[PDB]
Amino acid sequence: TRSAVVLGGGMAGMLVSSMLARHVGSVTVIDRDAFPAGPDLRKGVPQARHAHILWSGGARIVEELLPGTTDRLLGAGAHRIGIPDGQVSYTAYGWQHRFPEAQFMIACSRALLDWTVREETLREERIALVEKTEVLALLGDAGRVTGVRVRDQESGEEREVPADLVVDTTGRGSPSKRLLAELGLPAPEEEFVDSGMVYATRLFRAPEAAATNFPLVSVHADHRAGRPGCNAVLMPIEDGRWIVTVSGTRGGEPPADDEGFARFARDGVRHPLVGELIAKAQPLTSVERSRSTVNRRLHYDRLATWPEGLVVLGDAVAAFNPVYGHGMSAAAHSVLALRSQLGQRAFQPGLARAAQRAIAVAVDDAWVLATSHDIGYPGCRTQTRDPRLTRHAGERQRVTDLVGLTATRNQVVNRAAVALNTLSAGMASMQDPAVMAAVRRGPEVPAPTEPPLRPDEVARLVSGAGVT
């Protein structure tokens, strides 16, 4: 019984559809894109050309919604990389000592990740993906949404799709501001923090022996230094490839040309390690860029009027600077927030509003982590009323930096820091007495004086071929 319509069949739409099909009789997913039969790039998810880190916090929720997905990913060549044991990371505070595993991430092409999630979701026959279809309007009125009007691209025919619940998951380019204006609702408060960050990515074929068990390698900006923030990330993906994404804020953007890419990875960031490693590998693709890096949030949950039967989640409600790697995990937390409200309130009036407020809570940690570190870069453009960004940014940063510095050299602080950063634990967790006690106990290991690479990792950067 009951029907749901989901706008957008990307990550949030597939996760939310899988969840909803366990609560309603049918789910219809409307997407303007065409979908490949295999793990290919598609125009509706251009960000799949860039490195995607799936932190443990989101991975565990994906697993809860779509059992078997994590193993299916690893089974297809995705890498499980332990954090911090499997990462070689030059943080703002220095090299991270590679303590034993506290958390993990899943490393693969976003195209394979999307394909795996969609194929698993659509095994449920009561979920139908309706491709190459435009969303024209929300049906109903400002009091209650009752479906959507859509247009088949090939035919041109329009039709009404009824729904007891409409969920907008159309991503960063979502048209919900327009759709909700057409209903007669006031505009939501828009909040943004725009560092001017630009991404540049190439794919490489890794040296053959390093195609597995190779670490995630990252060189981070120093958010406290009054210079443009620049980063470089090397991440293993399936079938023996490396995806390498470099990034820079206003005044430090990476160039678009292949030769300037490798130069930036060496000299544009604070340590040349990623540039040194890509010199061991064979480039496979030319440079792809992206400017979709603004932290932007729409406060739908605080609107004076909200229609029954309408929920917005994923990048459509809150989108983040991708260098922090939280977007997919925030979407998953948001799907669970909607599920929690469905279990509590069924489809009573107040469900959609309660879900929208719960979704605002679900994305808040990712929002604070990204915005608190972006707000400081030169020339950052901001629009916010959040006193955590406007009043108490300094002492929050002094607490952040004390934790971040100590996490590089203290196993207990690192465990707490990565639990929060993978969105496996909430912000309050860091106020636990045991964590601040370990912070005060200070470093337990020396600061690494060189990249903490293992000999057996660097040994696999060469073949030994030209040697008798």
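Only the largest set of C-alpha atoms that superpose within 1.5 Å between the two forms is called the rigid core. Note that residue numbering begins at 1 and tracks the sequence as displayed.
Of the two segments 391-399 and 246-254, the one whose CA positions lie farther from the displayed form in 4 other deposited structures of this protein, once all are superposed on the rigid core, is 391-399.
With 52-60 and 421-429 compared on mean CA B-factor from the PDB entry, the stretch scoring higher is 421-429.
Taking the mean C-alpha B-factor of each stretch as recorded, 393-401 and 228-236 are not equal, and the higher mean is that of 393-401.
Considering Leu66, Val29, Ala438, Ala407 together, the PDB entry gives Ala438 the largest C-alpha B factor. When the C-alpha B-factors of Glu131, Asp258, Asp194, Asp168 are ranked from the entry, the top spot goes to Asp258. Placement of the Cα temperature factor of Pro307 within the chain: middle third of the modelled residues, per the deposited record. Placement of the Cα temperature factor of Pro84 within the chain: lowest third of the modelled residues, per the deposited record. In the deposited entry, the Cα temperature factor of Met14 places it in the lowest third of its chain's modelled residues. In this PDB entry, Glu158 carries a Cα temperature factor that places it within the highest third of its chain's modelled residues. Among the modelled residues of its chain, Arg289 has a C-alpha B-factor that falls in the highest third according to the deposited record.
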